[PDB]
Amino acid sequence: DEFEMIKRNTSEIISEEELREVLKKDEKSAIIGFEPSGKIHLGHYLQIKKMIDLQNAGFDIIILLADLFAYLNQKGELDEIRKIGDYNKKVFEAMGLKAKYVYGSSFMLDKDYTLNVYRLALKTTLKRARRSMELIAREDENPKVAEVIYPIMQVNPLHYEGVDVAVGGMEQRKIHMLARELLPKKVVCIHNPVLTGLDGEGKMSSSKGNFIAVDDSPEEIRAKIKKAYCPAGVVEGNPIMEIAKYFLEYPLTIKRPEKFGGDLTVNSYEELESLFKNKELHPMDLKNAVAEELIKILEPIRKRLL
């Protein structure tokens, strides 16, 4: 079912009724924004996969290369950000996304865009702006005014003109709660789960070096997964299990030595989850399988990038 495939592997949809209205329409578009990133990782990929779901469901897809956002979030200088953006677009194309790419700066410095920023800046408390940004804002001992401008730009109605659906990570939900209240026309939010970093420590992220990047070499993927936090029995906050859930194809045929049970054919992730949880599946065999299926999943993307 179409709704159910869009919903597969999301954390929430605001709201599912509105989404149902959206899907009946002949024409619908879904946006996502990304601060240009030095490395594109499985956190990026999960979300582009969701956009590919939407595209399969007939949506026109818009990718905002959120360059001014990144500028405000201290990712550096704008033309240098825009060249990272340009690379991100190649990466996204190599994932098989069919989309229109927009650079934020091409319209975000327009007079109407800027007046909406100041209009919204009158309606938005500093306390709320700062709360919305707690998971987004670059680490800063002395937070900058830039921090609170960022979420009000993110809620600006000009980003969403003729857009039915916005997709983002659950780390975006407080900014989206703001836009829910303050956008003149409602946009459905589709929020994706945040992937745990390989060390189990916090979330996967470009600046935390705890990610597998989609163009990692096979041995690099192998070594990254070997090291990964993956306690026997434990599923919650286990990033190897997360990768099995969000990226793998089922049925999944786990190769093992007969000394360790021999080949294991798992028909669903929930099946994999119980086998791992009661312990018929060791970390090391999950890892080899995850690493090997992840390598196969990534390799056309690495190939195109190389």
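Throughout, we count residues from 1 along the sequence that is shown.
Colleague: Take the C-alpha B-factors listed in the entry for 38-46 and for 267-275, compute each mean, and give the stretch with the larger one.
Modeller: Mean CA B-factor is higher for 267-275.
Colleague: Per the record, averaged over C-alpha atoms, which has the higher B-factor: 144-152 or 94-102?
Modeller: Comparing averages over the C-alpha atoms only gives 94-102.
Colleague: For the C-alpha B-factor as written in the entry, point me to the maximum among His191, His176, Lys127, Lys227.
Modeller: Spelled out: the listed residue with the top C-alpha B-factor is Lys227.
Colleague: Between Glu242, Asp53, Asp60, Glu258, let me know which has the highest C-alpha B-factor in the entry?
Modeller: Largest recorded C-alpha B-factor: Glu258.
Colleague: Sort the modelled residues of this chain by their C-alpha B factor and say whether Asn288 lands in the lowest, middle or highest third.
Modeller: Its C-alpha B-factor belongs to the highest third of this chain's values.
Colleague: Which third of the chain does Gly169 land in by C-alpha B-factor: lowest, middle or highest?
Modeller: Lowest third.
Colleague: Going by what the PDB entry lists, where does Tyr250 fall on CA B-factor within its chain: lowest, middle or highest third?
Modeller: As the PDB entry reports it, the C-alpha B-factor of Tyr250 lands in the highest third of its chain.
Colleague: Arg119: which third of its chain by C-alpha temperature factor?
Modeller: Lowest third - that is where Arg119 ends up once the chain's C-alpha B-factors are sorted.
Colleague: Could you say whether, by C-alpha temperature factor, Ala137 belongs to the lowest, middle or highest third of its chain?
Modeller: It belongs to the lowest third of the chain when residues are ordered by C-alpha B-factor.
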